[PDB]
Amino acid sequence: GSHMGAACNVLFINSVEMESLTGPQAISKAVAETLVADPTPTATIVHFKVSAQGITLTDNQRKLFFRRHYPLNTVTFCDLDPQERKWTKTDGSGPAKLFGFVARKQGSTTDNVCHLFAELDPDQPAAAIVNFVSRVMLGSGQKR
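Residues numbered from 1 in each chain as written, not as in the entry; some residues may be left out. Heavy atoms only, no water.

Per the PDB record, the structure was determined using solution NMR.

What follows is about the pairing of strand β3 (residues 55-59). Of all the 5 residues making up β3, 4 are buried; the element is thus mostly covered by neighbouring parts of the structure. Relative to β3, strand β2 (residues 44-50) runs antiparallel, the two being bridged by 5 bridges. Bridging from a neighbouring strand, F48 pairs with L57 of β3. Between β2 and β3, which pair antiparallel and follow one another directly, the connecting turn spans 4 residues, one of which, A52, has a positive phi of 35°. Alignment of β3 against strand β4 (residues 68-70), held across 3 bridges, turns out to be antiparallel. Along β4, the bridge assignment pairs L57 with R68. (Buried < 20%, exposed > 50% of the residue type's maximum accessible area, 1.4 Å probe, protein only. Helix = DSSP H or I, 4+ residues; strand = E, 2+ residues; numbered from the N terminus. Pairing = 2+ DSSP bridges.)

For the rest of this paragraph, the subject is unusual backbone geometry. Residue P39 follows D38 across a cis peptide bond; omega there is 0°. Locating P39 in the fold gives a position in the loop between α1 (26-31) and β2. Positive phi, close to 35°, is recorded for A52, a residue that is not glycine. Within the secondary structure, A52 sits in the loop between β2 and β3. Relative accessible area serves as the criterion here: at 64%, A52 is assigned to the exposed category. One non-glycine residue, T110, adopts positive backbone phi at about 50°. Overall, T110 belongs to the partly exposed group, its relative accessible area being 29%.

Core analysis: the biggest nonpolar cluster contains 23 residues, and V10, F48, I55, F99, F101 and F117 have the highest contact counts within it. Of the residues forming this core, the biggest block, 4 residues, is contributed by helix α2 (residues 126-136). Those residues within four positions of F117 in sequence are excluded, and the remaining contacts are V10, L11, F12, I13, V46, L57, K97, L98, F99 and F101. If you look at the next biggest cluster of nonpolar residues, it comprises 17 residues, including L11, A26, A30 and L98. (Core = buried A, V, L, I, M, F, W, Y, C linked by side-chain atoms within 4.5 Å. Contact = heavy atoms within 4.5 Å.)

Summarising the element assignment, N112 is placed in the loop between β6 (98-103) and β7 (113-119). Leaving out residues up to four positions away in the same chain, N112 has contacts with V16, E17, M18, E19, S20, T76, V102, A103 and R104.

Time to look at the packing of aromatic side chains. Tallied over the full model, the rule gives 6 aromatic pairs. Between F12 and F65, the ring centres sit 4.7 Å apart and the planes meet at 35°, which makes this aromatic pair tilted. Pair noted here: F12 is in strand β1 (residues 8-17) and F65 is in the loop between β3 and β4, with a separation of 53 residues, a long-range link. By relative accessible area, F12 is classed as buried at 15%. (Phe/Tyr/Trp six-rings, centres within 6.5 Å; stacked < 30°, edge-to-face > 60°.)

Read from one edge of the open sheet, 7 strands run β4-β3-β2-β1-β7-β6-β5, paired in antiparallel fashion. The open sheet terminates on both sides in strands that have one partner only, identified here as β4 and β5 (75-80). Taking the axes of each pair of neighbouring strands and ignoring which way they run, one obtains an average angle of 35° across the sheet. One ladder, built from 6 bridges, connects β6 with β7; its direction is antiparallel. Directly across from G100, in β7, lies its bridge partner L116. Most of the contacts of α2 go to β5, to which it runs at about 150°, and overall it touches β1, β2, β5, β6 and β7. (Axes fitted to C-alpha atoms, helices over the stretch in contact; angles between N-to-C directions.)

Below, the structure written as structure tokens:
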């Protein structure tokens, strides 16, 4: 209904449309089409907020792009990269792990967009962002 609770920092990469792939392959078909995406998109610091199935991404870098709201209804899969790779650094020095999610908004043609993100937090790695984003949605963990 509203939007206020969680609010972390991540690095925005780019949304690479998969065209109805699956989920655990959209991260690879995106990581492989983003880490090498030539030309590569500019890495911007964004603020990842999770409020009642409502992911918010605000530009906290230097006013690069507006803010968007991706409801978890769309974010089907939100895990680290299977290729065990990292983003191409924030911008010259600064290695940051790589993680994306698959957003299936609208049940038209199962047209999903795998968005890439690099952890930009000295106290919030991409694994912790993937352990939280998955803890907020369906799951349990069992082993943690």
